[PDB]
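First comes one chain, alone, set out as structure tokens in the form deposited in one PDB entry.
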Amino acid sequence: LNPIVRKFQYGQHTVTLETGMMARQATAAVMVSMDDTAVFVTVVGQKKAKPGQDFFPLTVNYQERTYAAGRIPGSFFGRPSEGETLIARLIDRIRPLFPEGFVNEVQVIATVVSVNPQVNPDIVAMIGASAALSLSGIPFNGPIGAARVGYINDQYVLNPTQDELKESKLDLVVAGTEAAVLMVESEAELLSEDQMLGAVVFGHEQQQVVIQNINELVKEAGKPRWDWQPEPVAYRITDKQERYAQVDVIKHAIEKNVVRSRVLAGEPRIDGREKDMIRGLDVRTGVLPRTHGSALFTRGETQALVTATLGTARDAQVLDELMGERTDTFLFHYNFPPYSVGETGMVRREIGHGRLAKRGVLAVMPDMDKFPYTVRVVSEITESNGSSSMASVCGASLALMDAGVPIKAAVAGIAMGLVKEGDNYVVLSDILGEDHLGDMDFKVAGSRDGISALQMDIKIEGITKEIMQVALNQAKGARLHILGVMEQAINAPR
């Protein structure tokens, strides 16, 4: 047996890339260690695809073994936990790098086998997944880097530890290729637009050492490239329920292109709006009798019914996590029933949308010194047509004020889209479920003073920081418009 080991300095720590010894039957297997935090990541891609497979099947499995921290599992935790699904989501969000037409089934399995309580295994697993896909031979336009950005003493900190974080005003996670940023997931204490954008650029520049070191391992121990080639080559309908039913022609690529051009040229959108227009808002407070705090927020065809519950300090959820024991005082829940889009089925991505809406509200939540009560917020999505997660942020803010929770300020969220081909681009405000037919979509949540949460999902090459500068500026004026309408129905708690 022969192990190929390559080491490098990523920020403060030393990252070890190991392959060729363990799990050889898989397409590629990489042992990535970052100061004693080791995550074993594997990748398997099937040679022949199922004849007439309509979509690209990608599954990312992230699992935390408790023996990594030197502890024996308890009578309690088959099914993955809430946190494990979120980190598997952070990895998956590598998906748009597979070439268009690639339909082979591919599974990425990342297991935490050793852990340091100060080094978060989520970045380690993302580096391992990037190394596995690049060494595999499977058509993949990487490798990507993985970076966590902090903000201590008005300066950006690369990969802050759990102790450093406590002093940080930002918990940003950024992933992207050598050319452009692809994934961003941020949590912030009401920071400005430039401070959030500065962290995205900073993290993308610092993660370049990860991409270079994987590329060298690829040239040294990488398997040959796959023998795969791609196969050679409703206007006035505003209501989503009425549009989708009459669009079912007996007889997708043309459906994108027609909407694409009718926004690039600069004419009315699908529903009939200008590029920076927000849908009709309906705000209601105190809608359910026998609850503490309740709120109904409606934005065009997207609606969320949100509630708040006050409990004692003993009602706090004690989460036994791998990194350490953690007591959660603020709880957030997200429900997405099939009737929200007019469908029948099982009573998705609820964990991802729930945490995103939680991060948009967490920054404005009061201290345990001023408010020593366990607060739980549940969002019920009654209607969905564009970003029900940001509607939960608005609904939570009104529900907390209805309950009597003295939050620092009012908080709102907004979804933004972007269409680009040449030098000309258009940033759209309050996008419809427009989301599929685009280049990038990003959600900004924050108060009147700053930003609490920022999520980005880019799929196009060559987005400049000047284009994102303008994109966040329109997003700022978008949420200020929502907060102005919110400020009228409910302004103060109790």
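Numbering starts at 1 and runs along the sequence shown. Take the two forms, superpose them, and find the largest set of C-alpha atoms that agree within 1.5 Å; that set is the rigid core. Residues that one form lacks are left out of the comparison.
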ask   = Would you class the number of unmodelled deposited residues between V233 and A234 as none, 1 to 3, 4 to 9, or 10 or more?
value = 10 or more
Interval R93-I94, deposited residues with no coordinates in the entry (none, 1 to 3, 4 to 9, 10 or more) = 1 to 3
remark   = Higher of the two mean Cα B-factors (468-476, 19-27; per PDB record) comes from 468-476
note = The stretch carrying the higher mean Cα B factor in the deposited entry, 185-193 or 270-278, is 270-278
note = Entry record, C-alpha B-factors for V377, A245, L170, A304; the maximum is at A245
request  = Kindly indicate the residue among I463, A453, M456, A69 with the greatest C-alpha B-factor in the PDB record.
outcome  = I463
task = Compare the C-alpha B factor of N335 with those of the other modelled residues in its chain, then answer lowest, middle or highest third.
result = lowest
task = For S447, return the chain-relative third of its C-alpha B-factor as stated in the PDB record: lowest, middle or highest.
result = middle
task = Would you mind checking where the Cα B-factor of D54 ranks among the modelled residues of its chain, as the lowest, middle or highest third?
result = highest
query = So where's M346 on the chain's Cα temperature factor ranking, which third?
reply = highest
query = Where does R299 sit by CA temperature factor within its chain: lowest, middle or highest third?
reply = middle
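Separately, the form deposited in another entry exists; it is not shown, and the next lines address it.
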key: Listed options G422, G280, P289, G266; Cα moving by 2 angstroms or more between the shown form and the other one (core superposition)   = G422
task = Enumerate, in order of sequence, every stretch of at least three consecutive residues present in both forms where each C-alpha is displaced by 2 angstroms or more between the shown form and the other one, superposition done on the rigid core.
result = 74-77, 249-251, 422-424, 459-464
